Each structure stands twice: as structure tokens, then as C-alpha cells.
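Shown next: target-v2.txt, given as compact mmCIF, C-alpha atoms.
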# COMPACT_ATOMS: atom_id res chain seq x y z
CA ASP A 1 -14.38 -4.37 10.25
CA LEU A 2 -13.64 -0.63 10.45
CA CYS A 3 -11.22 -0.72 7.41
CA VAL A 4 -13.49 -2.68 4.97
CA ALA A 5 -13.76 0.03 2.30
CA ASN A 6 -9.99 0.40 2.16
CA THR A 7 -9.49 -3.36 1.91
CA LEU A 8 -12.13 -3.68 -0.86
CA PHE A 9 -10.38 -0.84 -2.71
CA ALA A 10 -6.93 -2.40 -2.06
CA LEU A 11 -7.92 -5.72 -3.69
CA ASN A 12 -9.62 -4.11 -6.70
CA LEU A 13 -6.63 -1.77 -7.20
CA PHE A 14 -4.23 -4.75 -6.99
CA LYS A 15 -6.27 -6.58 -9.67
CA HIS A 16 -6.31 -3.68 -11.99
CA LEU A 17 -2.59 -3.04 -11.46
CA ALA A 18 -1.98 -6.75 -12.16
CA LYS A 19 -3.43 -6.21 -15.72
CA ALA A 20 -0.79 -3.56 -16.25
CA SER A 21 1.89 -5.66 -14.62
CA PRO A 22 0.99 -9.32 -14.69
CA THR A 23 4.19 -11.13 -13.54
CA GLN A 24 6.98 -8.76 -12.16
CA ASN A 25 7.44 -7.81 -8.50
CA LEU A 26 4.69 -5.41 -7.28
CA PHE A 27 4.59 -3.47 -3.98
CA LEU A 28 2.38 -0.64 -2.83
CA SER A 29 0.72 0.90 0.22
CA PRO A 30 -2.93 0.87 -0.31
CA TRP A 31 -3.48 2.71 3.03
CA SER A 32 -1.35 5.58 1.58
CA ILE A 33 -3.39 5.66 -1.57
CA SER A 34 -6.76 5.58 0.19
CA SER A 35 -5.71 8.47 2.50
CA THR A 36 -4.47 10.60 -0.46
CA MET A 37 -7.64 9.89 -2.45
CA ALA A 38 -9.89 10.64 0.60
CA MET A 39 -8.37 14.14 0.75
CA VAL A 40 -8.99 14.58 -2.99
CA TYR A 41 -12.58 13.22 -2.58
CA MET A 42 -13.28 15.83 0.11
CA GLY A 43 -12.75 18.43 -2.62
CA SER A 44 -14.90 16.74 -5.31
CA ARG A 45 -18.45 17.31 -6.34
CA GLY A 46 -21.10 16.14 -8.76
CA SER A 47 -20.30 13.14 -10.92
CA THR A 48 -16.60 13.33 -9.93
CA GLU A 49 -17.56 12.83 -6.29
CA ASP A 50 -20.05 10.09 -7.10
CA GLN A 51 -17.43 8.09 -9.04
CA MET A 52 -14.72 8.52 -6.43
CA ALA A 53 -17.10 7.25 -3.64
CA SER A 54 -17.88 4.13 -5.73
CA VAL A 55 -14.27 3.44 -6.65
CA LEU A 56 -12.89 3.95 -3.13
CA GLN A 57 -15.65 1.62 -1.82
CA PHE A 58 -17.31 4.16 0.49
CA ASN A 59 -20.75 3.01 -0.92
CA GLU A 60 -20.18 -0.64 0.18
CA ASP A 61 -21.56 9.84 5.22
CA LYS A 62 -18.85 9.83 8.02
CA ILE A 63 -15.91 8.89 5.83
CA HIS A 64 -13.51 11.61 7.04
CA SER A 65 -14.09 10.86 10.66
CA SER A 66 -13.30 7.19 9.97
CA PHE A 67 -9.98 8.18 8.31
CA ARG A 68 -8.95 10.32 11.30
CA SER A 69 -9.79 7.52 13.76
CA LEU A 70 -7.97 4.87 11.66
CA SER A 71 -5.01 7.18 11.29
CA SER A 72 -4.86 7.84 15.11
CA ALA A 73 -4.80 4.06 15.64
CA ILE A 74 -2.00 3.45 13.09
CA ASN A 75 0.05 6.32 14.58
CA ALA A 76 -0.53 5.20 18.21
CA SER A 77 2.78 5.12 20.20
CA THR A 78 4.10 1.63 20.81
CA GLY A 79 7.52 0.60 21.86
CA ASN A 80 7.20 -2.41 19.50
CA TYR A 81 7.90 -0.79 16.09
CA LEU A 82 8.13 2.52 14.26
CA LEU A 83 4.97 3.21 12.33
CA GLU A 84 3.91 6.60 11.06
CA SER A 85 1.34 7.87 8.54
CA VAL A 86 1.32 11.58 7.70
CA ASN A 87 -0.65 13.70 5.26
CA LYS A 88 0.42 16.95 3.66
CA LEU A 89 -1.20 19.61 1.47
CA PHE A 90 1.05 21.85 -0.72
CA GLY A 91 -0.81 24.72 -2.35
CA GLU A 92 0.01 27.40 -4.95
CA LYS A 93 0.66 30.57 -2.89
CA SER A 94 -1.39 32.82 -5.17
CA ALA A 95 -4.48 30.56 -5.41
CA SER A 96 -7.55 30.97 -3.21
CA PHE A 97 -8.98 27.69 -2.05
CA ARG A 98 -12.30 27.18 -0.19
CA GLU A 99 -11.75 27.98 3.50
CA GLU A 100 -14.03 25.11 4.48
CA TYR A 101 -11.88 22.68 2.39
CA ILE A 102 -8.58 23.87 4.03
CA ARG A 103 -10.22 23.73 7.51
CA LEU A 104 -11.81 20.28 7.07
CA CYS A 105 -8.72 18.81 5.46
CA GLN A 106 -6.57 19.88 8.45
CA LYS A 107 -9.29 18.64 10.91
CA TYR A 108 -9.67 15.16 9.41
CA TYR A 109 -6.22 14.53 7.73
CA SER A 110 -3.84 16.77 9.74
CA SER A 111 -2.32 17.86 6.38
CA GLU A 112 -0.84 21.14 7.69
CA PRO A 113 -1.61 23.13 4.47
CA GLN A 114 1.41 24.98 3.15
CA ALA A 115 1.90 27.58 0.43
CA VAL A 116 4.49 27.00 -2.30
CA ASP A 117 5.22 28.69 -5.72
CA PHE A 118 4.16 26.28 -8.44
CA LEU A 119 3.22 29.24 -10.64
CA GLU A 120 6.78 30.60 -11.01
CA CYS A 121 9.06 28.08 -9.29
CA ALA A 122 7.47 24.66 -10.03
CA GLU A 123 10.79 22.81 -10.04
CA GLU A 124 11.77 24.16 -6.61
CA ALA A 125 8.33 23.22 -5.28
CA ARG A 126 8.79 19.65 -6.73
CA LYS A 127 12.07 19.49 -4.85
CA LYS A 128 10.60 20.80 -1.58
CA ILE A 129 7.75 18.28 -1.75
CA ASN A 130 10.15 15.36 -2.50
CA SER A 131 12.40 16.45 0.31
CA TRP A 132 9.41 16.44 2.76
CA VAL A 133 8.49 12.91 1.78
CA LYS A 134 12.12 11.88 1.98
CA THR A 135 12.22 13.05 5.63
CA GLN A 136 8.91 11.43 6.57
CA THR A 137 10.14 8.08 5.14
CA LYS A 138 13.57 8.26 6.80
CA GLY A 139 15.32 8.52 3.39
CA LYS A 140 13.54 5.49 1.90
CA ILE A 141 11.34 7.44 -0.63
CA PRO A 142 13.68 10.23 -1.88
CA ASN A 143 12.14 11.40 -5.11
CA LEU A 144 8.41 10.78 -5.08
CA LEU A 145 7.42 13.21 -7.86
CA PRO A 146 9.35 12.61 -11.12
CA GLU A 147 10.68 15.27 -13.38
CA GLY A 148 7.84 16.94 -15.33
CA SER A 149 5.17 15.99 -12.74
CA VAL A 150 4.63 19.54 -11.44
CA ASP A 151 4.47 22.71 -13.53
CA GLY A 152 3.22 26.30 -13.57
CA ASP A 153 -0.36 25.04 -13.89
CA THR A 154 -0.12 22.90 -10.72
CA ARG A 155 -2.36 24.28 -7.96
CA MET A 156 -2.20 21.67 -5.17
CA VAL A 157 -0.36 18.45 -4.39
CA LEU A 158 -2.04 16.16 -1.80
CA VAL A 159 0.50 13.84 -0.13
CA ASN A 160 0.56 10.86 2.19
CA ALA A 161 3.77 9.28 3.52
CA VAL A 162 3.90 6.06 5.44
CA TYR A 163 6.87 4.54 7.29
CA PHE A 164 7.19 1.21 9.06
CA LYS A 165 10.16 -0.51 10.73
CA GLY A 166 9.57 -3.65 12.81
CA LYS A 167 11.41 -6.73 14.00
CA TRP A 168 9.98 -10.18 13.78
CA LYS A 169 8.57 -11.59 16.99
CA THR A 170 11.00 -14.53 16.32
CA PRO A 171 14.15 -13.87 14.31
CA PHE A 172 14.99 -15.90 11.25
CA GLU A 173 18.23 -17.80 10.74
CA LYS A 174 20.00 -16.72 7.51
CA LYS A 175 20.83 -20.02 5.78
CA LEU A 176 24.61 -19.51 5.14
CA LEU A 177 21.02 -20.08 -1.54
CA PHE A 178 18.09 -22.03 -2.87
CA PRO A 179 16.66 -22.01 -6.43
CA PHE A 180 13.60 -19.83 -6.62
CA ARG A 181 11.21 -20.88 -9.36
CA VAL A 182 10.44 -17.67 -11.32
CA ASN A 183 8.47 -19.44 -14.12
CA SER A 184 8.44 -22.75 -15.96
CA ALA A 185 11.64 -21.73 -17.94
CA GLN A 186 13.62 -19.94 -15.17
CA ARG A 187 15.03 -20.51 -11.68
CA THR A 188 17.09 -17.90 -9.88
CA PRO A 189 19.14 -18.44 -6.72
CA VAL A 190 17.95 -16.64 -3.56
CA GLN A 191 19.14 -16.16 -0.03
CA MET A 192 16.72 -18.07 2.18
CA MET A 193 15.78 -17.42 5.84
CA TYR A 194 14.62 -20.26 8.00
CA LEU A 195 12.51 -20.43 11.10
CA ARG A 196 10.85 -23.23 13.04
CA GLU A 197 8.16 -21.79 15.27
CA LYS A 198 4.65 -21.96 16.63
CA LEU A 199 2.71 -19.96 13.97
CA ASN A 200 -0.79 -19.60 12.50
CA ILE A 201 -1.00 -21.50 9.18
CA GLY A 202 -3.97 -22.53 7.07
CA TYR A 203 -5.04 -23.38 3.58
CA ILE A 204 -7.58 -21.48 1.50
CA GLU A 205 -9.12 -24.15 -0.69
CA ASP A 206 -11.00 -21.60 -2.92
CA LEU A 207 -7.65 -20.04 -3.81
CA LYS A 208 -5.56 -23.24 -3.64
CA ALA A 209 -3.02 -21.48 -1.46
CA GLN A 210 -1.32 -21.86 1.87
CA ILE A 211 -1.60 -18.87 4.17
CA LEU A 212 0.95 -18.09 6.87
CA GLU A 213 1.05 -15.33 9.53
CA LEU A 214 4.44 -13.99 10.55
CA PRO A 215 3.98 -11.55 13.48
CA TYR A 216 6.16 -8.65 14.18
CA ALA A 217 6.69 -7.63 17.79
CA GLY A 218 3.44 -5.80 18.48
CA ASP A 219 0.12 -5.92 16.65
CA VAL A 220 1.37 -5.85 13.07
CA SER A 221 1.82 -9.08 11.06
CA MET A 222 2.81 -10.13 7.55
CA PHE A 223 0.47 -12.61 5.87
CA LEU A 224 1.85 -14.74 3.00
CA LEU A 225 -0.25 -16.52 0.36
CA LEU A 226 1.63 -19.24 -1.47
CA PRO A 227 -0.05 -21.19 -4.23
CA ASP A 228 0.40 -24.92 -4.34
CA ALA A 229 -0.88 -23.95 -11.56
CA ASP A 230 0.32 -22.11 -14.64
CA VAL A 231 3.62 -22.08 -16.64
CA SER A 232 4.20 -18.47 -15.64
CA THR A 233 4.29 -17.30 -11.96
CA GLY A 234 1.70 -19.83 -10.61
CA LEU A 235 -0.32 -16.89 -9.23
CA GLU A 236 -3.07 -16.56 -11.89
CA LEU A 237 -5.75 -18.37 -9.92
CA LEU A 238 -4.95 -16.69 -6.64
CA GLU A 239 -4.83 -13.22 -8.11
CA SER A 240 -8.05 -13.52 -10.07
CA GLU A 241 -10.15 -15.26 -7.36
CA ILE A 242 -9.00 -13.45 -4.22
CA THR A 243 -11.74 -11.40 -2.56
CA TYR A 244 -12.39 -9.58 0.67
CA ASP A 245 -14.71 -12.35 1.93
CA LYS A 246 -12.19 -15.08 1.06
CA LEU A 247 -9.24 -13.27 2.63
CA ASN A 248 -10.83 -11.70 5.72
CA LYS A 249 -12.12 -15.12 6.93
CA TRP A 250 -8.46 -16.22 7.12
CA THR A 251 -6.65 -13.10 8.33
CA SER A 252 -9.04 -11.67 10.85
CA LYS A 253 -11.32 -14.42 11.94
CA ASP A 254 -9.72 -17.61 13.42
CA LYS A 255 -9.67 -20.08 10.56
CA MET A 256 -5.89 -20.45 11.10
CA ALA A 257 -4.65 -22.83 13.83
CA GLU A 258 -1.30 -22.53 15.50
CA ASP A 259 1.21 -25.35 14.73
CA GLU A 260 4.93 -25.84 14.77
CA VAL A 261 5.94 -24.61 11.28
CA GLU A 262 9.15 -24.84 9.37
CA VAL A 263 9.27 -21.66 7.29
CA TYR A 264 11.61 -20.83 4.44
CA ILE A 265 11.25 -17.35 2.97
CA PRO A 266 13.58 -15.28 0.82
CA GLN A 267 15.44 -12.25 2.03
CA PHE A 268 14.31 -9.57 -0.37
CA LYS A 269 13.99 -5.90 -1.11
CA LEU A 270 11.62 -4.19 -3.62
CA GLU A 271 11.27 -0.58 -4.78
CA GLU A 272 8.46 0.18 -7.17
CA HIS A 273 7.08 3.42 -8.69
CA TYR A 274 3.60 3.72 -10.23
CA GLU A 275 1.54 6.42 -11.99
CA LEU A 276 -2.06 5.51 -11.20
CA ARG A 277 -4.22 7.65 -13.48
CA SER A 278 -4.71 4.84 -16.05
CA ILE A 279 -5.48 2.27 -13.29
CA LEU A 280 -7.88 4.57 -11.48
CA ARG A 281 -9.68 5.50 -14.73
CA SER A 282 -10.01 1.80 -15.52
CA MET A 283 -11.58 1.25 -12.02
CA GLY A 284 -14.30 3.88 -12.76
CA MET A 285 -12.76 7.12 -11.64
CA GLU A 286 -12.99 8.96 -14.95
CA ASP A 287 -14.33 12.46 -14.33
CA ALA A 288 -11.61 13.29 -11.75
CA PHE A 289 -8.87 12.99 -14.38
CA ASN A 290 -10.89 14.65 -17.23
CA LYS A 291 -9.70 18.20 -17.73
CA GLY A 292 -13.10 19.32 -19.00
CA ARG A 293 -15.46 17.22 -16.85
CA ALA A 294 -13.77 17.24 -13.41
CA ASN A 295 -15.62 18.98 -10.61
CA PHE A 296 -13.38 20.03 -7.71
CA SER A 297 -15.55 22.93 -6.61
CA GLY A 298 -15.13 21.66 -3.04
CA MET A 299 -11.45 22.74 -3.28
CA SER A 300 -12.12 26.01 -5.18
CA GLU A 301 -15.48 27.63 -5.85
CA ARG A 302 -14.04 28.67 -9.29
CA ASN A 303 -14.36 24.95 -10.37
CA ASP A 304 -11.11 25.31 -12.29
CA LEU A 305 -9.25 22.15 -11.20
CA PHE A 306 -8.72 18.59 -12.31
CA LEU A 307 -6.52 15.70 -11.16
CA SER A 308 -3.62 15.28 -13.51
CA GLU A 309 -1.87 12.18 -11.93
CA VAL A 310 -1.34 10.14 -8.73
CA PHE A 311 2.34 9.21 -8.17
CA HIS A 312 3.01 6.27 -5.82
CA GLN A 313 6.42 5.02 -4.67
CA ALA A 314 6.83 2.10 -2.27
CA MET A 315 9.67 0.01 -0.89
CA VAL A 316 10.19 -2.88 1.43
CA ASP A 317 13.29 -4.56 2.89
CA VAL A 318 12.60 -7.97 4.43
CA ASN A 319 15.41 -9.64 6.48
CA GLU A 320 16.10 -11.86 9.50
CA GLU A 321 15.98 -9.30 12.32
CA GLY A 322 13.98 -10.30 15.40
CA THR A 323 17.68 -26.76 18.92
CA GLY A 324 18.02 -30.48 18.26
CA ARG A 325 14.75 -30.90 16.35
CA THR A 326 15.15 -33.36 13.41
CA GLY A 327 11.59 -34.59 12.56
CA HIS A 328 9.84 -33.16 9.46
CA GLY A 329 6.30 -34.73 9.79
CA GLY A 330 4.43 -31.49 10.14
CA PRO A 331 3.89 -28.31 8.20
CA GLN A 332 6.29 -26.66 5.84
CA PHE A 333 5.95 -23.27 4.22
CA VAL A 334 8.58 -23.13 1.54
CA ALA A 335 8.31 -19.83 -0.36
CA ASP A 336 10.63 -20.82 -3.29
CA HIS A 337 8.08 -19.72 -5.90
CA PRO A 338 5.97 -16.58 -6.35
CA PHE A 339 3.70 -15.42 -3.57
CA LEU A 340 1.50 -12.54 -2.43
CA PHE A 341 2.17 -10.81 0.89
CA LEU A 342 0.61 -8.10 2.94
CA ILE A 343 1.41 -6.17 6.07
CA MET A 344 -1.65 -5.85 8.25
CA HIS A 345 -2.33 -3.48 11.14
CA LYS A 346 -4.18 -5.91 13.38
CA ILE A 347 -6.07 -3.39 15.56
CA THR A 348 -7.72 -1.59 12.58
CA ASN A 349 -7.63 -4.57 10.21
CA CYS A 350 -6.09 -2.15 7.62
CA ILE A 351 -3.75 -3.38 4.95
CA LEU A 352 -0.72 -1.08 5.23
CA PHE A 353 1.25 -2.70 2.35
CA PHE A 354 0.50 -5.40 -0.30
CA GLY A 355 2.85 -7.04 -2.80
CA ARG A 356 3.76 -9.83 -5.15
CA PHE A 357 7.25 -11.34 -4.85
CA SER A 358 7.97 -13.20 -8.03
CA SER A 359 11.48 -12.27 -9.25
CA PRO A 360 14.65 -12.26 -7.07
CA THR B 1 11.00 -5.42 7.81
CA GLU B 2 11.49 -1.81 6.90
CA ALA B 3 8.70 -0.53 4.53
CA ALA B 4 7.81 2.95 3.24
CA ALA B 5 5.58 4.69 0.64
CA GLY B 6 4.75 8.15 -0.66
CA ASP B 7 1.68 9.08 -2.60
CA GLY B 8 1.09 12.42 -4.38
CA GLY B 9 -2.09 13.56 -6.10
CA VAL B 10 -1.38 16.52 -8.48
CA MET B 11 -4.23 19.05 -8.89
CA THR B 12 -3.79 21.22 -12.01
CA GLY B 13 -5.50 24.43 -13.05
CA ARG B 14 -7.65 24.67 -16.17
Same coordinates, now as C-alpha cells:
Amino acid sequence: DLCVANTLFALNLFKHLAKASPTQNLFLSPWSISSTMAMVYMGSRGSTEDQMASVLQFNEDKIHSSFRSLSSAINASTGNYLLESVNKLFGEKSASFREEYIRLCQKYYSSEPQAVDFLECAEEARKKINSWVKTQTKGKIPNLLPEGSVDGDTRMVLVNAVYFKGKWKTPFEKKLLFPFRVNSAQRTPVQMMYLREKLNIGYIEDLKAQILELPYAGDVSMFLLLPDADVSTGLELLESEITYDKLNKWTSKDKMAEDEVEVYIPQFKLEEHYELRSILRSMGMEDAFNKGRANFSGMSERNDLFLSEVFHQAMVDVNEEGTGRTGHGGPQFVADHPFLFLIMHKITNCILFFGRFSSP
Amino acid sequence: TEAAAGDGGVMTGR
């Protein structure tokens, strides 16, 4: 599997984020994060570099080449969906970065390095950066960098933007509300979508969860993991025991068999913002964020940089867009209680997006 | 499904 490091990192990141946010809706693009952090890693040296390699799961020496190849695959023209990943480097106009870093970053990340005036016009630069991301995401991520995130000490902002719009291979019927069980003391009504279709469905006994694949048109699918636990979300077991080995066997090998499935899932939309320094530090990436210990001499031979924060913003809008059967003997997948979901690029086996839906 | 994300790493001078 040519995306294994990114998937290992995605699951560990999810777990660490789940300590910060144990029960509420969560949604992120681990692909986006990995690509941003690979650009930052290119610039790192010494212990900073060593820690980043461990954390990003590169140790589990042609890392940048892999990113370019994965990125080409994800960006490959299809008529089946819109899917775009783009990297961008914004640099202080008066700073002098290593020519080899600027060259190699463009070569492997296509980040089109661009000068901006953090030193004297940090707020305008913040705005320019946000506006760039806004465009790349078709308006969906309008203000990536919050107020106060960039200042006269900022020297570089490394950015990835990812955009996906697809239709289901088979449309859902909008049921024209069902109680969604939020926790043992709360049910909330949600708009359900229904589909009866030939679909891959299985059960992961180690995680006590059903798994369902809902394909988009083209080689992207959403996988849903639905526990069948606790008095809270019902996800504790799944979230703590999920691993690469456990998941990959079911998403990417052929443990799932096709059957006629009656599927009920909510129509939902999430928008989540994270600041990942604390999470990343907790994962083992300490020196990068340590103003006195960081080594980014790959980016500048003056060795006068550190990573102050990693801002992530992600959103998803899930809806219906894509006779005479009355038996109900076979499989049901009724997502009326919390579940994990991920959007998988099937060719690369990369996880593009990963989330927990728990609260309508 | 429409989905999107931005990620920004901020490098600061010391």
C-alpha cells in the first residue's frame, strides 16, 4: 500500500484528537495535513527532523517523490468527480531562504513559492493567504488562518488545500425524520436518506462494528463504521481499538461481500476548525514547536525558525445526490447512532477525509 | 458529497 505512512499517521492523529474532543462531531483531511507537514519536514534537521519522520510514520529516503506521485494520482483528471489537492508556500519578501529548499519544495509539492509582507503588513498577508485557500476550496474554507495567527515575526506559511465534489454511484431517496441516538440521555431528530442497493458490507468482529462501502461515481468511496457499548456515543471501543491492520483488511482487501443492503444514513453537514500544535506535540513532535530547540536549517541556513502552529479547517456536506421490494430478511445498515466515516481514494488507498458523526 | 479542507503551517522567526 503506497499510502501506508499517511494512513498510520491519520489513525494516530485521530486518536490523539479524540482525547481533546471525545464525543462531538470531528472532521478533518489527514491527506491535507500529511502534505503540509511533509513540506515542513523537508526544511527540518537534527532532532526536529528525526521526530517529524517518526510522527508522520515515514520510519514504518524517497518520501518527497512518494508525495508527488500520490498527489498526481489524486489530481488525475476524471469526468466522475471534482477532486483537487494543491500546495502553496507564502514567504516573507525580505527573508532569504535556502535555494535548495525553495527548488525542492516546488519540484515535489508544486507549491509555487510566493513573496508576501509579513514583516510590515501581516494582516494583509493573512487575508491574501485566506483568500487563496478560499478560491482553491470553491468558497468552502473562507478564513483558514484566524485573527492573530500571523504577525511581523512570521516568515513562511506552508499551505495545502483539498477540494472534493462527487455524486453517489446510486442516489439516495430523502425520506420525506428519525430519532438519532446521541447518547444514553439524548435523542435528536435527523433527516434520513434511504437506499436499497447491491453494496459491499461486512462486520469487523475485533471492533464490534458493521462496515459499509458507499461508492461515488469513479474510484472514490465513503466507508462507514457503525458500532453495534457505552452510555455516551457508543464509539469508545471502536475508536480505541481501530488500527491500520484491522481497517485495511476490510477497506482494501476483499473481506467485504456484496449483498442487497437497505441503508439509512443521515443527511448532514460539518465544519470544524483545529489548532494542532498540542496534538502534534502529544504525538512526539516536540522540537518543531519549541522556539529554542527547533532546527529548520533546511529552510534557512541561519537556523532562526520554529513552527508556531498548524491551523486546519475542514467541511463536508453529505446529501442524496447521485421498486416493489417488501422483504426485510437481509442486511440493514441503520446509522441512527454515532459512527466513524472516511473518504478513500481507491487508486492510492489514501484517506482523503476522516470523521466522527455523533451530533445532528 | 462536497468536502474541503485547508491546512496552514506557520513558520515564525526567532
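For the atom pair formed by atom CA of residue A:148 and atom CA of residue A:15, the distance is 28.0 Å, given to one decimal.
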Practice task
Determine, counting all atoms listed in the file, which protein, DNA and RNA residues have an atom within 7 Å of an atom of residue B:11; residues of the same chain fewer than 5 positions away are not included. Present the result as a PyMOL selection string.
Solution key: chain A and resi 154-157+305-308
Output for the residues just chosen: C-alpha atoms as an mmCIF file, in the coordinates of the input:
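File produced: result.cif:
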data_model
loop_
_atom_site.group_PDB
_atom_site.id
_atom_site.type_symbol
_atom_site.label_atom_id
_atom_site.label_comp_id
_atom_site.auth_asym_id
_atom_site.auth_seq_id
_atom_site.Cartn_x
_atom_site.Cartn_y
_atom_site.Cartn_z
ATOM 1 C CA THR A 154 -0.120 22.900 -10.720
ATOM 2 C CA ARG A 155 -2.360 24.280 -7.960
ATOM 3 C CA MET A 156 -2.200 21.670 -5.170
ATOM 4 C CA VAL A 157 -0.360 18.450 -4.390
ATOM 5 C CA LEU A 305 -9.250 22.150 -11.200
ATOM 6 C CA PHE A 306 -8.720 18.590 -12.310
ATOM 7 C CA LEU A 307 -6.520 15.700 -11.160
ATOM 8 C CA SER A 308 -3.620 15.280 -13.510
#
Fill in the blank from the handout: Here atom CA of residue A:170 and atom CA of residue A:322 stand apart by 5.3 Å
Exercise for the section: Write down, as a PyMOL selection string, each residue of chain A that has any atom within 8 Å of an atom of chain B, counting all atoms listed in the file. Expected result: chain A and resi 28-29+32-33+36-37+40+133+137+140-141+144-145+149-150+153-168+291+304-319+321
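If only C-alpha atoms are the atoms counted, then among A:72, A:191, A:349, A:359 the closest residue to residue A:110 is A:72.
Taking atom CA of residue A:207 and atom CA of residue A:252 as endpoints, the distance between them is 16.9 Å.
Compared by their closest atoms to residue A:333, and using all atoms listed in the file, the residues A:277, A:93, A:208, A:196 rank with A:196 nearest.
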Handout entry: Shell around residue A:284 at 7 Å using only C-alpha atoms, local window under 4 positions removed, as a PyMOL selection string
Key = chain A and resi 51+55+280
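For the residues A:4, A:129, A:26, A:226, ranking by smallest atom-to-atom distance to residue A:355 using only C-alpha atoms places A:26 first.
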Practice task
Extract, using only C-alpha atoms, all DNA, RNA and protein residues at most 12 Å from stretch 236-240 of chain A, discarding same-chain residues fewer than 5 positions from it, and format them as a ChimeraX atom specification.
Solution key: /A:11-19,22-23,204-211,224-231,246-247,338-341,355-356
